[PDB]
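Engineer: One structure coming up, written as structure tokens, with questions to follow.
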Amino acid sequence: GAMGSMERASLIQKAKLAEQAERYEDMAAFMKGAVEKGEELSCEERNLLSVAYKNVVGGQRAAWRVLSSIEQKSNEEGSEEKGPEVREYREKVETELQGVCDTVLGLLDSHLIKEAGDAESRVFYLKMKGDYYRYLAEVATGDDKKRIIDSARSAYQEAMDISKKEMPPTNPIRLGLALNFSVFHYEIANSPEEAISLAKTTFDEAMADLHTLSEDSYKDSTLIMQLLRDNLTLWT
Amino acid sequence: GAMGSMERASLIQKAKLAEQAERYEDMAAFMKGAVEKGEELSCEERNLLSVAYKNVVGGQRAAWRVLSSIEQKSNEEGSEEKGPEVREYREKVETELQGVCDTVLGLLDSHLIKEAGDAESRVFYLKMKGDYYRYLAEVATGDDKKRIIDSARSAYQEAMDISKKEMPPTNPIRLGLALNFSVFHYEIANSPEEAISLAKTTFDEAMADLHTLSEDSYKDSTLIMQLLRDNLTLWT
Amino acid sequence: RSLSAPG
Amino acid sequence: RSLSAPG
Ligand SMILES: [Cl-]
Ligand SMILES: [Cl-]
Ligand SMILES: [Mg+2]
Ligand SMILES: [Mg+2]
Ligand SMILES: [Mg+2]
Ligand SMILES: [Mg+2]
Ligand SMILES: [Mg+2]
Ligand SMILES: [Mg+2]
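Protein sequence lines, in the order shown, are assigned to chains A, A', P and P'. A prime marks a further copy of an entry chain.
Residues in the first sequence are numbered consecutively from -4, following the entry's author numbering.
Residues in the second sequence are numbered consecutively from -4, following the entry's author numbering.
Residues in the third sequence are numbered consecutively from 508, following the entry's author numbering.
Residues in the fourth sequence are numbered consecutively from 508, following the entry's author numbering.
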């Protein structure tokens, strides 16, 4: 590891600087180095890891979608053949995206999930595992796709089971997990009714628990509830 | 060169795809590979080269400014010492930025400028040479800085001399060159009066030539004239 | 496309 | 900061 010679605290400090500078590839490399020190991550450090890789893979996903759309138009009837370049470059970006997802999944497997005993950490990491298998599923097309989809579903389901037993229905990790599992159902698993049902039940159970929250917690929970509502508006 | 096995036309095609996908590092690598084929660049290809490296170095410059500002605040009176991490990370980004500038300057020197005989190509490349020495000057602090500044000035001056002899005062390359030389004067060379004088004379000479232009050329020229005016408003 | 959880 | 030439 190229970060093996840097102090854990220095890696965390530099991840925060990289976030401020919008240098998300650097941020992800610093947080990978911090994970590889072998100690568990605090709440703040888990957030830094998630922010870093979310931004890296988010740029890759946006680029892959642009290139996939160009490629699909090139394969429509009446399109003049442009050679292999669109496919090759889409494949290049796709392979890079898959590499980032595999890197994240490898960190979760070695050994973040197995050492995560508290609900807040274990649910966070299992949600991440579902998310990065979902990003793999977005580009999967072989006999690969069904197994990747099942891996995403399995991680999300384990996270859901823990979150329902151990967290209040307004907990932002629980809410973001349910949001992302509903997106999995709608966009990946061809299960829009399950997506709508999960988003509705999640929203309603959180609404009924808002009265227990402080002003700051209320703001955190309602932000994610609004995304559930925004999706329900798009889906219904 | 990692692009040595790819066809020149395929590199250009992929640069255009990378632009559409906002993958500017890829775009720059493709255009570097195209330059290294050894043939001169067309007008469109020069623009692709410029767009690619402008976006790469633009992100580096923005990041360097964020980190330099944090570092300067850490060195103000009453700041608690945070260790070497801010300086180290600013230095990392700075070195990467300098590497990109050196790469561009190397392409111009091997051998784009020497083969550029038409005014439109030679002025374009000399402006680029001034620009990337200007970006080096933005971060320079040693006994290095004076020589880097002189190198930027020399390239801009040669470009100006050719542009005034060979192009109309509304030519967008000539206008963008004069704009960037005025920025050099204001921001790098501590010569705000020279910056203001150059921006004013450039604007007024272009205004007097707009009557010769088509609607489309008029739009191209007035876009850059507005930037001259915007700077004059900031500077006066 | 659907909205997913932010940072 | 001053504006420079765009693409
Ligand atoms: Cl490629
Ligand atoms: Cl560093
Ligand atoms: Mg240590
Ligand atoms: Mg593939
Ligand atoms: Mg139904
Ligand atoms: Mg050939
Ligand atoms: Mg330095
Ligand atoms: Mg004066």
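Just so you know, even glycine gets a beta-carbon here, dropped at the ideal spot from N, CA and C.
Using CA coordinates, which residue listed in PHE179/A', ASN226/A' and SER64/A' is at the minimum distance from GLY125/A'?
Structural biologist: The residue labelled residue 125/A' in the question sits at position 130 within the second sequence. Here the closest residue by C-alpha is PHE179/A'.
Engineer: Have a look at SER177/A, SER149/A, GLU200/A and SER186/A and flag the residue whose alpha-carbon is nearest the alpha-carbon of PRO163/A.
Structural biologist: Walking along the first sequence from the start, residue 163/A turns up at place 168. Answer by Cα proximity: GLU200/A.
Engineer: Could you check whether the Cβ of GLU2/A sits closer than 6 Å to any heavy atom belonging to ligand 3?
Structural biologist: Taking the first residue of the first sequence as position 1, residue 2/A is located at position 7. Because some heavy atom of ligand 3 lies under 6 Å away, the Cβ of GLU2/A counts as near it: yes.
Engineer: Nearest to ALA132/A' by CA position, among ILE144/A', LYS122/A' and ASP138/A', is which residue?
Structural biologist: Translated into the one-based positions of the second sequence, residue 132/A' becomes position 137. It is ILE144/A'.
Engineer: Assign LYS77/A' to one of three DSSP states: helix, strand, or coil.
Structural biologist: Walking along the second sequence from the start, residue 77/A' turns up at place 82. Coil at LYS77/A', not helix or strand.
Engineer: Any heavy atom of ligand 8 closer than 6 Å to the Cβ of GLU188/A'?
Structural biologist: The sequence position of residue 188/A' within the second sequence is 193, counting from 1. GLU188/A' Cβ: within cutoff of ligand 8.
Engineer: Check this for me: beta carbons of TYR181/A and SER511/P, under 7 Å apart or not?
Structural biologist: Your numbering for residue 181/A matches position 186 in the first sequence. Your numbering for residue 511/P matches position 4 in the third sequence. In this structure, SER511/P does not lie closer than 7 Å to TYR181/A by Cβ.
Engineer: Check whether the Cβ of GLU83/A' sits closer than 6 Å to any heavy atom of ligand 2, and report yes or no.
Structural biologist: In the second sequence, residue 83/A' corresponds to position 88, counting from 1. Yes, since a heavy atom of ligand 2 falls inside the 6 Å radius drawn around the Cβ of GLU83/A'.
Engineer: Which residue wins for smallest C-alpha separation from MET123/A', given the options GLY53/A', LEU103/A' and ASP138/A'?
Structural biologist: The residue you call residue 123/A' lines up with position 128 of the second sequence. It is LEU103/A'.
Engineer: Taking C-alpha atoms, which residue in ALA58/A, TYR19/A and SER212/A lies nearest to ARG85/A?
Structural biologist: Counting from one through the first sequence, the residue named residue 85/A turns up at place 90. Closest option to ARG85/A, Cα to Cα, is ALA58/A.
Engineer: Could you tell me if the beta carbon of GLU89/A' falls within a distance shorter than 6 Å of some heavy atom in ligand 7?
Structural biologist: What you label residue 89/A' is simply residue 94 of the second sequence in a count that begins at 1. For ligand 7, at least one heavy atom lies less than 6 Å from the Cβ of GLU89/A'.
Engineer: Given a limit of 7 Å on CB to CB distance, which residues of the region 214 to 227 of chain A' reach chain P'?
Structural biologist: Listed by position along the chain: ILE219, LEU222, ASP225 and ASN226.
Engineer: Output yes if chain A' places a C-beta closer than 7 Å to the C-beta of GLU80/A; else output no.
Structural biologist: One-based indexing of the first sequence puts residue 80/A at position 85. Taking Cβ atoms only, chain A' reaches closer than 7 Å to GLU80/A, which makes this a yes.
Engineer: Starting from the beta carbon of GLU17/A', find every residue of chain A whose beta carbon is closer than 9 Å, and list them in chain order.
Structural biologist: Residue mapping note: residue 17/A' aligns to position 22 of the second sequence, counting from 1. Those within 9 Å of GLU17/A' in chain A are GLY54, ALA57, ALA58 and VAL61.
Engineer: Which residues in chain P' have a C-beta closer than 7 Å to the C-beta of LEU229/A'? List them in chain order.
Structural biologist: One-based indexing of the second sequence puts residue 229/A' at position 234. The answer, in chain order, is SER509.
Engineer: Between the C-alpha atoms of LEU92/A and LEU218/A, what's the straight-line distance to the nearest angstrom?
Structural biologist: Reading the first sequence from its first residue, position 97 is the one you call residue 92/A. Reading the first sequence from its first residue, position 223 is the one you call residue 218/A. Distance between the alpha carbons of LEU92/A and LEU218/A is about 28 Å.
Engineer: Label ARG142/A' either buried or exposed according to how many other C-beta atoms from any shown protein chain fall within 10 Å of its C-beta, with 16 as the threshold for buried.
Structural biologist: By 1-based counting over the second sequence, the position of residue 142/A' is 147. With fewer than 16 other Cβ atoms within 10 Å, it is exposed.
Engineer: Can you tell me whether DSSP reads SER186/A' as helix, strand or coil?
Structural biologist: As a position in the second sequence, residue 186/A' is number 191, starting the count at 1. Correct three-state label for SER186/A': coil.
Engineer: What do you reckon, is the C-beta of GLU86/A' under 6 Å from a heavy atom of ligand 7?
Structural biologist: Taking the second sequence and counting its residues from 1, one reaches residue 86/A' at position 91. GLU86/A' Cβ: within cutoff of ligand 7.
Engineer: Pull up the distance between the alpha-carbon of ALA47/A' and that of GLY54/A', whole angstroms please.
Structural biologist: Numbered from its first residue, the second sequence carries residue 47/A' at position 52. Numbered from its first residue, the second sequence carries residue 54/A' at position 59. Approximately 11 Å between the Cα atoms of the pair.
Engineer: Tell whether a beta-carbon distance below 7 Å holds between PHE25/A and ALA4/A.
Structural biologist: Taking the first residue of the first sequence as position 1, residue 25/A is located at position 30. Taking the first residue of the first sequence as position 1, residue 4/A is located at position 9. Contact flag unset, no.
Engineer: Rounded to whole angstroms, how far is the Cβ of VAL118/A' from the Cβ of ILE183/A', which I believe are closer than 8 Å?
Structural biologist: Residue 118/A' sits at position 123 when you count from the first residue of the second sequence. Residue 183/A' sits at position 188 when you count from the first residue of the second sequence. Not a contact, Cβ separation roughly 20 Å.
Engineer: By Cβ distance below 7 Å, which residues in the same chain neighbour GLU20/A' in space, the five residues on each side in sequence not counted?
Structural biologist: Reading the second sequence from its first residue, position 25 is the one you call residue 20/A'. If we look at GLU20/A' and ignore the five residues flanking it on each side, its Cβ neighbours are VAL51.
Engineer: Measure the alpha-carbon distance for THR207/A versus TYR213/A and round it to whole angstroms.
Structural biologist: Within the first sequence, numbered from 1, the residue matching residue 207/A stands at position 212. Within the first sequence, numbered from 1, the residue matching residue 213/A stands at position 218. Cα-Cα distance, rounded: 9 Å.
Engineer: Going by C-alpha distance, which of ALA16/A', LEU172/A' and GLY137/A' is nearest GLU153/A'?
Structural biologist: Taking the first residue of the second sequence as 1, we reach residue 153/A' at position 158. When only C-alpha atoms are compared, the closest one is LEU172/A'.
Engineer: Please classify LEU229/A': is it buried, with 16 or more other beta-carbons within 10 angstroms of its beta-carbon, or exposed?
Structural biologist: Numbered from its first residue, the second sequence carries residue 229/A' at position 234. When all chains shown are included, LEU229/A' counts as exposed.
Engineer: Report the rounded CA-to-CA distance for residue 235/A versus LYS77/A', giving the unit in angstroms.
Structural biologist: Nothing about residue 235/A can be read from this structure; chain A reaches only from -4 to 231.
Engineer: Give me, in chain order, the residues of the same chain whose beta-carbon lies closer than 6 Å to that of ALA190/A'; leave out the 5 immediate sequence neighbours on both sides.
Structural biologist: In the second sequence, counting from the first residue as 1, residue 190/A' sits at position 195. So the list reads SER177, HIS180 and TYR181, once near-sequence residues are dropped.
Engineer: Expressed to the nearest angstrom, what Euclidean distance is found between the alpha-carbon atoms of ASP138/A and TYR151/A'?
Structural biologist: For this step, residue 138/A is matched to residue 143 along the first sequence. For this step, residue 151/A' is matched to residue 156 along the second sequence. Near 58 Å, if we compare the C-alpha coordinates of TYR151/A' and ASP138/A.
Engineer: Which chain A residues sit within Cβ distance under 9 Å of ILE65/A'?
Structural biologist: As a position in the second sequence, residue 65/A' is number 70, starting the count at 1. The contacting residues are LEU12, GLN15 and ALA16.
Engineer: Tell me the residue span of the alpha helix (DSSP H) that contains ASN166/A.
Structural biologist: In the first sequence, the residue the question calls residue 166/A occupies position 171. Per DSSP, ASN166/A belongs to no alpha helix (DSSP H) and is neither H nor E.
Engineer: For the alpha helix (DSSP H) containing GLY53/A, list its first residue and its last residue.
Structural biologist: The residue given as residue 53/A occupies position 58 in the first sequence. Looking at the DSSP string, the run of the alpha helix (DSSP H) that includes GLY53/A is 38 to 69.
Engineer: Along chain P', which residues have their Cβ under 8 Å away from the Cβ of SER45/A'?
Structural biologist: Stepping through the second sequence from its first residue, residue 45/A' is reached at position 50. Result: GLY514.
Engineer: If you draw a straight line from the C-alpha of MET22/A to the C-alpha of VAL99/A, how long is it?
Structural biologist: The count along the first sequence starts at 1 and reaches residue 22/A at position 27. The count along the first sequence starts at 1 and reaches residue 99/A at position 104. The straight-line gap from Cα to Cα measures roughly 13 Å.
Engineer: Can you name the residues of chain P whose CB is closer than 7 Å to the CB of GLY171/A?
Structural biologist: Numbered from 1 along the first sequence, position 176 holds the residue referred to as residue 171/A. Neighbours of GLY171/A on chain P, chain order: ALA512.
Engineer: Going by beta-carbon coordinates alone, are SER146/A' and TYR128/A' separated by less than 7 Å?
Structural biologist: Against the second sequence, residue 146/A' aligns to sequence position 151. Against the second sequence, residue 128/A' aligns to sequence position 133. Going by C-beta atoms, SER146/A' is nearer than 7 Å to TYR128/A'.
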